[PDB]
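*Asks:* Protein chains in written order, with full-length UniProt numbering: chain S, 204 to 304; chain G, 204 to 304. All C-beta atoms in this analysis are idealised placements derived from N, C-alpha and C, irrespective of residue type, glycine included. Got a structure here, written out as structure tokens. Questions coming.
Protein chains: 2
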Amino acid sequence: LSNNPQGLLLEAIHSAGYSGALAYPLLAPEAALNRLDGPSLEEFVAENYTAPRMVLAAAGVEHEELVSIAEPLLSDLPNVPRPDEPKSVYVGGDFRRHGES
Amino acid sequence: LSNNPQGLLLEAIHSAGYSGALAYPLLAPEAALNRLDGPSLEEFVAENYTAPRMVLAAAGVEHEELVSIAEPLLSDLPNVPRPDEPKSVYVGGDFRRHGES
Numbered sequence: 204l205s206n207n208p209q210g211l212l213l214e215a216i217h218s219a220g221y222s223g224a225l226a227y228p229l230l231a232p233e234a235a236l237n238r239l240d241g242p243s244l245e246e247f248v249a250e251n252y253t254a255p256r257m258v259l260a261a262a263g264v265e266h267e268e269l270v271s272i273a274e275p276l277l278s279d280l281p282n283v284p285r286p287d288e289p290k291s292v293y294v295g296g297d298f299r300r301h302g303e304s
Numbered sequence: 204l205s206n207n208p209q210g211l212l213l214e215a216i217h218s219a220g221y222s223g224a225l226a227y228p229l230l231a232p233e234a235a236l237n238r239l240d241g242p243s244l245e246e247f248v249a250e251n252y253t254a255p256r257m258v259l260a261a262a263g264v265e266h267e268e269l270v271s272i273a274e275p276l277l278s279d280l281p282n283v284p285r286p287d288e289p290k291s292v293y294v295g296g297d298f299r300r301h302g303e304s
């Protein structure tokens with residue numbers, strides 16, 4: 204990953220400035236990469252992929268046929284309400300990482 | 204190197220909280236290691252390993268014997284003017300490095 208310092212700096216800004224929900228990394232550090240599992244992903248999806256968070260957008264598709272095809276395949280999901288939004292607070296921060304370049 | 208964090212932190216403190224002389228690292232970073240060479244060592248030794256900065260100390264040796272064997276081996280070194288010691292100021296802040304969990 205080190206070959207793209209721009210993305211690294213953007214991620215470092217997020218990690219070092221935000222605290223919590225927005226400071227959570229986006230690129231799966233080594234330990235978490237080692238620890239992740241199929242059941243972990245399955246539980247994450249089952250808990251977070253609920254109906255009030257599904258939007259089926261179409262670009263050049265007629266509405267009538269689109270809904271006629273996507274109603275049977277989606278109307279049977281459980282109606283789990285939206286959880287509380289993950290709150291984060293912005294603080295200062297200084298990140299610094301030496302390397303070869 | 205990471206197996207002993209104490210030495211790493213001593214080196215880090217020296218580098219961070221000194222500026223030139225004491226800040227010069229002791230464990231030869233990778234770029235310096237690649238740059239280093241035999242002729243460079245030759246020149247460094249020939250420039251620095253001079254007589255006015257050499258002490259030969261014995262622990263269990265008669266002084267007469269030691270001097271009688273050492274004078275025919277060190278008396279002909281060139282007399283140099285002992286170039287001055289480097290300067291270093293203390294003002295320094297923080298070093299932070301992220302590793303294992």
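1. Taking only beta-carbon atoms, is residue 301(G) less than 9 Å away from chain S?
2. So what's residue 271(S) in DSSP terms, helix, strand or just coil?
3. Locate the beta strand (DSSP E) running through residue 292(S), then write down its first and last residues.
4. Just to confirm before moving on: does the CB-CB distance between residue 296(G) and residue 210(G) stay below 9 Å?
5. Measure from the C-beta of residue 304(G) to each C-beta in chain S and report whether the shortest distance is under 9 Å.
6. Inspect the CB distances between the region 277-286 of chain S and the region 242-255 of chain S and report whether three or more fall short of 8 Å.
7. Along the region 219-235 of chain S, where does the CB come closer than 8 Å to a CB of chain G? Name the residues.
8. Helix, strand or coil for residue 223(S), going by three-state DSSP, please let me know.
9. What are the boundary residues of the alpha helix (DSSP H) that includes residue 205(G)?
*Replies:* Considering the structure as presented:
1. The sequence position of residue 301(G) within the second sequence is 98, counting from 1. Yes, residue 301(G) lies at the interface with chain S (some Cβ there is under 9 Å from its Cβ).
2. Mapped onto the first sequence, residue 271(S) falls at position 68. Three-state DSSP puts residue 271(S) in a helix.
3. Within the first sequence, residue 292(S) is the residue found at index 89, counting from 1. Where residue 292(S) is concerned, the enclosing beta strand (DSSP E) stretches over 291-293.
4. The count along the second sequence starts at 1 and reaches residue 296(G) at position 93. The count along the second sequence starts at 1 and reaches residue 210(G) at position 7. No, they are not a contact pair.
5. Counted from its first residue, the second sequence places residue 304(G) at position 101. Closer than 9 Å to some Cβ of chain S, the Cβ of residue 304(G) qualifies, so yes.
6. yes
7. 234
8. Locating residue 223(S) in the first sequence gives position 20, where the first residue counts as 1. Residue state, collapsed to three classes: strand.
9. Here residue 205(G) refers to the residue found at position 2 when the second sequence is read from its first residue. Unbroken run through residue 205(G): none, as it is neither H nor E.
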